[PDB]
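Shown below, as structure tokens, is a lone chain in the form deposited in one PDB entry; questions about how it binds or moves come after it.
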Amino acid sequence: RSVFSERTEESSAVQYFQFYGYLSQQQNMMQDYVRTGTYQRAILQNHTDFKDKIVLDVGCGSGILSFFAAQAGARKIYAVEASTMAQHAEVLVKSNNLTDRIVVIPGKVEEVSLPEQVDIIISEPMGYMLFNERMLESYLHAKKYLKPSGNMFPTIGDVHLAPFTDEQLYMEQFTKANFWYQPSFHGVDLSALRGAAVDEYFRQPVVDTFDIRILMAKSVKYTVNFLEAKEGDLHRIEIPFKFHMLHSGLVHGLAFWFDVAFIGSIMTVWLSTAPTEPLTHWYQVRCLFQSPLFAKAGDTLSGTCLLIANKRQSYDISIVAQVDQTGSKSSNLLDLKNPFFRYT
């Protein structure tokens, strides 16, 4: 028993760490230039937060962030990695002649032993919609190793949500589902499953990007301060919203993105996944409503987005929304574990 094993189905964990054991998957993240370059910038431009310091890298993967901490002058970097990627990180530490400074520790951060407390924790634990993968909890957990007044890079995370209109995306779900609305598919009446098919498609958050013109109101922001938050704070995430509609139209759902800030002694550096910013491997995420809501400019769209952590390293998403002026309401349940990857 650890904190990780207690919150995670073994079958989910096996698949998860298998995925990250692939060099190709580490490469995918590494080649996201906005991601990798911003981390390097955050670390190097805040060199005083690393110079002669003790560092923990939570989920080091290839080791890339630990190498940046080394470039910034860290004395010692504990690089923790639970997948078989830990073996490859070790190879790189030796080939880059950094054995005196980067120590790879294979295992889950919730299960390993560190020899000493650290000045600063670095990690890239963000998933889709920020919270997917539940690795933010591992990052917060790692604070048991943090010296008092130690730092976290990133320091804070902001989730943004905004209502969108996208009639073509909405309609696409019914078109797919209507495969089932055939009374004689090779002589078989499939129609009884059409509703189940619709339900299945609407349960998948949509991962892709979009034009900012689809957004119908200024975003609402939910902030997690990684210096102050406890792991338990991420088990149930309640995001109330009150959108003041800037455009009239049919609201088909809520769009999500996230930013993180590295609040260093020299400067604050932001990594944004917003649709106004260059694209990242996180794209953006949209959660559809099964019934859209009509709203006019100046109306208020109010409700709650409730994210409930599950044992498959993800979240059950519940979105309830109403147009206050008409009482028209929509209620939606989504499975963040299994998004629809729409981008092309």
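Only the largest set of C-alpha atoms that superpose within 1.5 Å between the two forms is called the rigid core. Just count from 1 along the sequence shown to find any residue number.
Taken in 8 other deposited structures of this protein and fitted on the core, 185-193 and 148-156 differ in how far their Cα atoms move from the shown form, and the one that moves more is 185-193. Per-stretch RMS Cα distance to the displayed form in 8 other deposited structures of this protein, following rigid core alignment, is highest for 174-182 when 174-182 and 200-208 are compared.
Between the stretches 76-84 and 190-198, it is 76-84 that shows the larger average CA temperature factor. The stretch with the higher mean CA B factor, choosing between 294-302 and 273-281, is 294-302. For the set 28, 48, 314, 38, the PDB entry assigns the largest Cα B-factor to 48.
Of the candidates 165, 138, 204, 99, the PDB record gives 99 the highest C-alpha temperature factor. Among all modelled residues in its chain, residue 334 ranks in the lowest third by Cα B-factor. Split the chain's modelled residues into thirds by C-alpha temperature factor. Residue 124 is in the lowest one.
Residue-level temperature factors show residue 209 in the middle third of its chain, judged at the C-alpha atom.
For residue 90, the recorded CA temperature factor ranks within the highest third of the chain's modelled residues. Residue 103: CA B factor lies in the highest third for its chain, per the PDB record.
The discussion below concerns the form solved in complex with a partner chain, not included here.
The contact residue chosen from 207, 229, 214, 255 relative to its partner chain in the entry with it bound is 207, the criterion being a non-hydrogen atom within 4.5 angstroms.
When you look in the entry with it bound, the only residue of 119, 110, 133, 158 with a non-hydrogen atom within 4.5 Å of its partner chain is 133.
In the entry with it bound, residue 316 stays away from its partner chain, with no heavy atom inside 4.5 Å. Using a 4.5 angstroms limit between non-hydrogen atoms, residue 124 touches its partner chain in the entry with it bound. In the entry with it bound, its partner chain sits within 4.5 Å of a heavy atom belonging to residue 32. Proximity of residue 308 to its partner chain in the entry with it bound: non-hydrogen atoms within 4.5 Å are absent; the residue sits far from the partner.
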